[PDB]
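A short write-up of the structure that comes next.
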Amino acid sequence: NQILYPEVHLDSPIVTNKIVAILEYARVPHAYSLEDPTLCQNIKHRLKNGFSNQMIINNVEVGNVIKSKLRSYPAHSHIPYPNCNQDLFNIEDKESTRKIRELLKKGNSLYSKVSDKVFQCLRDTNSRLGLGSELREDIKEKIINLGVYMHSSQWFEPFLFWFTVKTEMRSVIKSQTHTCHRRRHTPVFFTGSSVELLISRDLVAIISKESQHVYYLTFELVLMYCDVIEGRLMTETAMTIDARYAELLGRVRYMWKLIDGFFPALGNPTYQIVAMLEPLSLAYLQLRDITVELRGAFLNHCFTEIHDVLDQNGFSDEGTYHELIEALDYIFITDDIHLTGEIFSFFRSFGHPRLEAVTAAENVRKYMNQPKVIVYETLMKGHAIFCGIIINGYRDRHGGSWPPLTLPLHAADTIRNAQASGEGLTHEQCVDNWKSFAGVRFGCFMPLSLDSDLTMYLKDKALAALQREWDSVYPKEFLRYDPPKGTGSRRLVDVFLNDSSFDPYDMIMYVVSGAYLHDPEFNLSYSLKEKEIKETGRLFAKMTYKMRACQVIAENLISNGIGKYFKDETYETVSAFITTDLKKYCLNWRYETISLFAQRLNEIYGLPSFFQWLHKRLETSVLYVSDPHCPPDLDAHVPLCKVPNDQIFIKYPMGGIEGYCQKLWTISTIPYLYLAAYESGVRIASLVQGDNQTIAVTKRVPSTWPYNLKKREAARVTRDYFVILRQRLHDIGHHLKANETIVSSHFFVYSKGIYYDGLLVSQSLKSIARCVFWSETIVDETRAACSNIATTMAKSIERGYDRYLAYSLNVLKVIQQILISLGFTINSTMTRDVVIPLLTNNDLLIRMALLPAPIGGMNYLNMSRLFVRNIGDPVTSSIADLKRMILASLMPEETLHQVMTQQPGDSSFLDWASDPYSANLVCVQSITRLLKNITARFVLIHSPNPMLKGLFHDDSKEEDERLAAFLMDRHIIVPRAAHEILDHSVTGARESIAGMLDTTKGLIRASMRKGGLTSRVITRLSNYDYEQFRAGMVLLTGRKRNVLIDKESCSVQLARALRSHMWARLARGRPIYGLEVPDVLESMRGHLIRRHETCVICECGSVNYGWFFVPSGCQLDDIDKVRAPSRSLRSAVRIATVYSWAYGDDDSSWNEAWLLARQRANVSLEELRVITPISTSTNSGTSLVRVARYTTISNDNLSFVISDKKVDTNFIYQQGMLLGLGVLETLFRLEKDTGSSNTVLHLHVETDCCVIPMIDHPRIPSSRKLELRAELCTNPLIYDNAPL
Amino acid sequence: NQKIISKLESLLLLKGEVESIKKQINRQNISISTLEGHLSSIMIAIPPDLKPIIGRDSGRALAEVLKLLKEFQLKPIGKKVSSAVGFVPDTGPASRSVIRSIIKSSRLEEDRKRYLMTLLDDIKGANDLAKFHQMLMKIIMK
Amino acid sequence: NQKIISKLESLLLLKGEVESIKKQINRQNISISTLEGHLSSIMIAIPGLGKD
Amino acid sequence: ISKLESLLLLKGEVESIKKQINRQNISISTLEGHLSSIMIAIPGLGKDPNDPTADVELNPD
Amino acid sequence: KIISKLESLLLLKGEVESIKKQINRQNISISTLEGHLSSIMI
Ligand SMILES: [Zn+2]
Ligand SMILES: [Zn+2]
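Protein chains in written order, with the entry's author numbering: chain A, 7 to 574, 651 to 1203, 1228 to 1285, 1300 to 1404; chain C, 329 to 375, 392 to 411, 433 to 507; chain B, 329 to 380; chain D, 333 to 393; chain E, 331 to 372.
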């Protein structure tokens, strides 16, 4: 607990019963109303009897204080949630937010000190790339005055207020929960200017002076408000400073102001109208279709739903509906295509709705109990198509044969001849004679994989309590009776790691033998899900240990075995799209429908009566929705078999459960799609992405036909196919609702945005709403926060935002983050030794916030990252950035000498080989990472599980260090090769499993209580943060000089001189080899060329360059026209040979190569030598871009080979073309057409001063005695030693 | 001769296999009679007038057989009521709004949009509404 | 002399006997086929509660 | 003459009889196929014929 | 001829007995089918 801070971001749902219980025990009169008064009844009974404890006493004290304070406002009135959103989103106070206002003012002044030189430095990059010797005036003004806009936005005061409240509540929680201290100081109000505020451990009270309203909030509500307000602030600031969203700004402002006004009157049902904002965007996008009969199909349903939800609550008058429709029209109707996928990102800026358990229980009980009627011919036709698919799948991979395959009885002569001759068959034959497959029988032809991996078992989940203790999760305070104790553990990972007798083909027998239908400990229970925008929404279920293991095993079996067979006058093809959702199918499935396929799978795999366990178990159990604050209406503990089919229980369900058996369901659905395709006479292509499903329908037509007629014919045939498919699915008994799917001829929605007719629309403003002032870690880490900020900014850049504005925003956010972490924190180790000198010295802070991270600073965004996706070498790129800053006069000139004569750290060959590119910095790691590694290795060492035996010993670290030393300590150091070898060796697998094991606060606290972390380590990790600021201070204040350094030397030479000094204790003057490649933005010049000029200014002799060309007209919006013996190789011999390849094939090093390979495989020297390939030594693709589809890249003038051999891209060649395309994009960003003339782009390159006269040495003879483990490991999961 | 007499009498007395196979075929007939009787008894008129039905157990069909006029099946969608296939107006208040939205999102002239809205505010009736929609389609997509 | 009675009689009877059994089989098999066609169009009803 | 063509007409039966028998065989087999496919997934209706008929595996233990 | 008029005379019975022995199994098979199915209506 001493090293675990409370949460900083909402990760839980909002339950009404929590607030209701807190207020009921504090005895404060409220105005909530529940659907089931069981909680109030239980609490009243308990209070009448005389229960009491520490929480009750504390809440009684707080309630007495509140009651005493409320006597000065004789006209108060509680306002529930979310009826208080319009007020709490605009609250403000002047006195209580005094501390942070001065910090942010200081940050704004610090930024304004250097914003000018920041712009001056950003302009030279444009001047070099060739986009003109000057930026745009508005852009210059925004970059200079970025602070004033952010400070003048309309969310500043609410943001300040909510940040203050959140951090104060977190400090209270942390300082109190550590029960070593006992004395409790009762809380007291704090009279502000406009409001009055009271903060306690688990209850916040706010009183408004003027209107005399009263609000009571909890921790989750506080976190939610803070997140929402900060997101709104960042998004509005971005849209204001940019000049492309000038019309989107007004629309989204009006949307906020309109919808916010509905809360005080409507109430909680407003979130239904909020959730309706996502499909309305697609409905309004449909209006731009080309087949006029389609315009309005989905809109006619959305409007009906909105009218009905507005009518069912008392607003029956038509004026309200009419005005709301007018407002929605004004909001959504637009003209540009790219600016309609943005509203897709704002539907989470209103919060989340409060929910109960009774409503969800009823919503799922409505579906779990419903009779159906199904026809038989359609089922059999689907089954026939299924068998045909499987037949063809196995005919492939073997070649025209059915050796272990089916055994027909009275089939048609065509089918019999097909089997006899060994040729495939089409859907037509199967669907025409399905009667021939009524009685077929397969034979076992698939093996079982029982030592594949461990991810499935190692992923963390939860387990429900045993059946005879089902009510052990409800605390004693909310129940009318005292429950029985809870015994079993509640973590799959620790139950697994402590299971002393585990066997994969033993759970399989536990299912096959029919013992799971009599286990008196089976139990299943539902629990609520957070961060949804629907009351009913979703849930997720928990089961018991054995059944969870069996489910995982079965689904992995399917996904690894058969599931691969389902891979997914000039005429031409046209296509249309159908988009639907796939939820509630798990509720609509049934035994009578799934058994016909489960039986084929049983006969194929061998396991008798296996793949239909879910229904056979659920048809006799009793489910319930569990939540600690929603107790059941009972009087004494009764078995789960005597509750009524009622409030929170679901007795004897019929359907399935989301998540489980999903592979079986998705491979059993497809045949009906193909059946409808055959019945209609078209060709289809399917795709499934989570819950969405897309079906593309294709049809052949002549070429010279007009575009309109083409699309119209495609749409007609697609509508026909849709009608037929709906009619078919209704027979087996699913539900394709006639007004819940989108039929279109232009677009379909998949994971990353909306694909619109050969082009993807942007979603730029999504990550800006996430870049915030902390990050999810068990402690508070400034470096983690800054790295997350840089990551979100780069991800937003690559979706359409502006590079320079994003860079400046990143700089400002980094400065503010450093200031907040130094001056406004809940940490207790920040003392006067660092906080006073740093907060006093101004320029030192600016330099620390501007210096790049890989060489000491805290800025995690290099300039080349704005253009390319991956830079070559972080060290040389950061040195180039520092040189650019020094040139542009942003930082003093001695910073180079300081950073090049800083003091080295202390790491070992293992750390170097595990992070090859790193310099030897001081205390730059991550606390959460360093803690997770230790706790995972410790908990793995003590594990009697027979599946991982001999894989973890107390000497593993020693052997790893010795192996790394033997690999690296030669007369020439090759960190990349060492890293590859060590990654592929056994240590790689060890650490990979350790990292795959995902541990969190629960397991960490459990292991600490066990005693896995010593006091020395916990104190070091508690002090780790302040040491970083100390190191930064001493680095930036040091003063030495390196007389062999002038700031015009090459970045490569500078990086060499830095590495050969920071690694001086281990290298001992030996040359480090093959690490750095030249920087992008320092070795490339650009030049545009137009009507009649030539590349004069860059044609002084440089005659090698890339060539780009792009003519067009009105466009950019819409277009109108080696043995390798095919075996189980992927087990470990892949690794065993890749290691040997990376090692080499020299004179006698083959002995050691074979040694380290035979370590992880069972091969001989000659077999390895004949199975490994030989090489030369020991060792385009685009992004979201509009204009990329119009250019004609050429590189004939630049293919010049330096180092004089046809090699891999000497310089990473794709980077040149990527930079060129980026330049063209940022040139044609904010206009409509390419213009009149033709623009051609020269991209010249001269990487001559950045060359290394490296010598390709034959091989580096080792100087050490190889010594590995005495005996090898024969564990089949790890790379075995007897596979072959 | 003697061979004639013997090889005539043999078969002409062992003829009895004909009455034996007639026994066989009458047994087959009486066994299929009850089969088709059971299959007739399993069902009577039903939405066709004959579609046999069976259930998981014997008596678990009394919840979907009467509501013998079983239940409501899938509702057929044509070219008269709106669905995801195409849009047709009707008397409800949503059709006027979606027509207004089509007019607004069209590519016509502003005064033309005003003219169409003025015609629409007094157009009344299902048939006249459908006629106005059919004319508007041509006007906007021409 | 002796062949007339037996030959003529028990060759005339087999005529109608075999023709009648042939037509009987030929009608029984189509009765089978209609029964099969009937059974090939059937409907399954699913209850609501898995246990009752 | 008379006896020859009488034996002819008494032989002209067996072929039709056999082909009718084969057609009946195919029909009955289709019937049993339907019955098996229903009894697989109605479910139930049996002593122990439901679906253990698959050969166990190459890993019986 | 008139005495060697017996080859088909015996072959007819030789195949008719096979006819009998298969129609019997057909009878028993349809019998077991109706037995299986009669217990499925109510
Ligand atoms: Zn040039
Ligand atoms: Zn250079």
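We treat Cβ as the ideally placed atom computed from N, Cα and C, and that holds for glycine.
Just grab the DSSP bridge partners of residue i for me.
i, result
"residue 1168 of chain A", "A:1363"
"residue 829 of chain A", "A:838"
"residue 780 of chain A", "A:657 and A:765"
"residue 374 of chain B", "A:378"
"residue 83 of chain A", "A:219"
In chain order, what residues of the same chain have a beta carbon less than 8 angstroms from the beta carbon of residue i, not counting five sequence neighbours either side?
i, result
"residue 1281 of chain A", "1247"
"residue 1087 of chain A", "7 and 10"
"residue 1043 of chain A", "990, 991 and 992"
"residue 1160 of chain A", "954, 958, 1133, 1134, 1331, 1367 and 1370"
"residue 940 of chain A", "864, 865, 868, 896, 900, 930, 931, 933 and 1114"
Between residue i and the rest of its own chain, which residues show a CB-CB distance below 6 angstroms, the 5 nearest in sequence each way excluded?
i, result
"residue 21 of chain A", "711"
"residue 245 of chain A", "251 and 255"
"residue 849 of chain A", "874, 877 and 878"
"residue 29 of chain A", "36"
Measuring only the C-alpha atoms, how far is residue i from residue j?
i, j, result
"residue 357 of chain D", "residue 356 of chain B", "13 angstroms"
"residue 716 of chain A", "residue 72 of chain A", "34 angstroms"
"residue 384 of chain A", "residue 810 of chain A", "8 angstroms"
"residue 1014 of chain A", "residue 17 of chain A", "21 angstroms"
"residue 1199 of chain A", "residue 343 of chain A", "7 angstroms"
"residue 728 of chain A", "residue 532 of chain A", "15 angstroms"
"residue 1040 of chain A", "residue 363 of chain A", "54 angstroms"
"residue 762 of chain A", "residue 438 of chain A", "14 angstroms"
"residue 366 of chain B", "residue 1240 of chain A", "59 angstroms"
"residue 708 of chain A", "residue 1056 of chain A", "57 angstroms"
"residue 1105 of chain A", "residue 553 of chain A", "44 angstroms"
"residue 1157 of chain A", "residue 1135 of chain A", "12 angstroms"
"residue 756 of chain A", "residue 766 of chain A", "8 angstroms"
"residue 1121 of chain A", "residue 1151 of chain A", "25 angstroms"
"residue 359 of chain D", "residue 331 of chain B", "44 angstroms"
Between residue i and residue j, how many whole angstroms is the CB-CB distance? I'm expecting something under 8 angstroms.
i, j, result
"residue 943 of chain A", "residue 876 of chain A", "7 angstroms"
"residue 771 of chain A", "residue 833 of chain A", "5 angstroms"
"residue 800 of chain A", "residue 779 of chain A", "5 angstroms"
"residue 1318 of chain A", "residue 1365 of chain A", "7 angstroms"
"residue 472 of chain A", "residue 499 of chain A", "In fact, because the Cβ distance is near 19 angstroms, the residues do not count as touching under 8 angstroms."
I'd like the list of long-range same chain contacts for residue i, defined as Cβ closer than 7 angstroms, with 5 residues on each side in sequence excluded.
i, result
"residue 665 of chain A", "773"
"residue 546 of chain A", "533 and 535"
"residue 127 of chain A", "966, 967, 970 and 972"
"residue 564 of chain A", "745 and 746"
Exercise. Taking a cut-off of 7 angstroms, which residues have a beta-carbon closer than that to any heavy atom of ligand 1, in chain order?
Worked result: A:1169, A:1177, A:1180, A:1181, A:1187, A:1362 and A:1364
Problem set entry | Nearest-residue set for ligand 2, Cβ under 5 angstroms from any heavy atom | A:1132, A:1369 and A:1370
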